[PDB]
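In the block that follows, a single chain appears as structure tokens, in the form deposited in one PDB entry.
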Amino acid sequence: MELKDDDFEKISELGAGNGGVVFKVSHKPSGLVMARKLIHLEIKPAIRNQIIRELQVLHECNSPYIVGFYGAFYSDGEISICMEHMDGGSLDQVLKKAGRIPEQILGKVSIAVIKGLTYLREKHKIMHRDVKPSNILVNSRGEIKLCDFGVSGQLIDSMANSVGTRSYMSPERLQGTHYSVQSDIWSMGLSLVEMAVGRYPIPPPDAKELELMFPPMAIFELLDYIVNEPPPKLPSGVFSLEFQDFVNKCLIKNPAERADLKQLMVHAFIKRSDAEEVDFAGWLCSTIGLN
């Protein structure tokens, strides 16, 4: 069935970002509850047609580690991207109510992220380009899925002019155009540290700050740090030695020396997390009071 603007009904607002706003809506014809993202674009109708046409490949992106897609269309002054509603929300959301996310859970999260990235690259030859806590969704069924990946080249271009203070961009991507899939690994690493420590990893916390846990920097000040200062390490002692090595392999400034999906897939931290028996659904639901 084809999605149409008048066939929807707003229920509430799931949130908003710099690029658009997403509502929890009901698709009356099917009775199915969906997440509808609205992206206001003040651009010619010809180009928007290309965008809507490029978003269609989303129907071919079927994976347990990727947010389900229902359809994309243009309504009145904005394109709509309709997707599966994840009652658990984004990790950055659960990160707030949780304050911090256990290494056990992060291991499962890491597996889903790696597999999602791997799927996108192997079966669709595309990189995410925007991996960060807010683009990792989870539901009461325990599923962990990636969303907001660059499927439409045209959309990427029309969004080239916004950003935001806190950046998850790799050093190579911040410096130039000489970046690719490896750039996503850096983002995952940084996102893991954030979720593991309880706040944006840069600048790193001091001895006194860590002891407590266990003003924002200026635009240039933060980017200069990322590019020149050494990468964010994970606090030793409170976290596993395998997990520490995992993020380290992720946060290597040089993209060619940095670990890739293939390597991380068979890394000690993943093998270990893979075997571990963790009840993500239970944790996710109790921490955010859902189930």
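For the two forms, the rigid core is made up of the largest set of C-alpha atoms that agree within 1.5 Å on superposition. Start at 1 with the first residue shown and count on from there.
A chain break between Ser162 and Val163 is present, corresponding to 1 to 3 residues of the deposited sequence without coordinates. Count the deposited residues lacking coordinates between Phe73 and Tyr74 and you get none at all. In this crystal structure, the stretch out of 20-28 and 271-279 whose C-alpha atoms carry the higher mean B factor is 271-279.
If you average the C-alpha B-factors over 262-270 and over 42-50, the higher value belongs to 42-50. Going by the entry's values, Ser158 shows the largest Cα B-factor out of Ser191, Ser158, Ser80, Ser110. Residues shown: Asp92, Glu172, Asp130, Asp206. Highest C-alpha temperature factor in the entry: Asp206. Ranked against the other modelled residues of its chain, the C-alpha B-factor of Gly153 as given in the entry falls in the middle third. In the deposited entry, the Cα temperature factor of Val33 sits in the bottom third of values across the chain's modelled residues.
In the deposited entry, the Cα temperature factor of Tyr179 sits in the middle third of values across the chain's modelled residues.
In the PDB entry, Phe214 places in the highest third of its chain by CA B-factor. Among the modelled residues of the chain, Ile136 sits in the lowest third by CA temperature factor in this PDB entry.
Keep in mind that the form deposited in another entry is missing from the display, and what follows is about it.
For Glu221, the Cα coordinates differ by 2 angstroms or more between this form and the one not shown after the core has been superposed. After superposing the rigid core, the Cα of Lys97 is displaced by less than 2 Å between this form and the one not shown. Once both forms are fitted on their core, the CA shift for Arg141 between this form and the one not shown remains under 2 Å.
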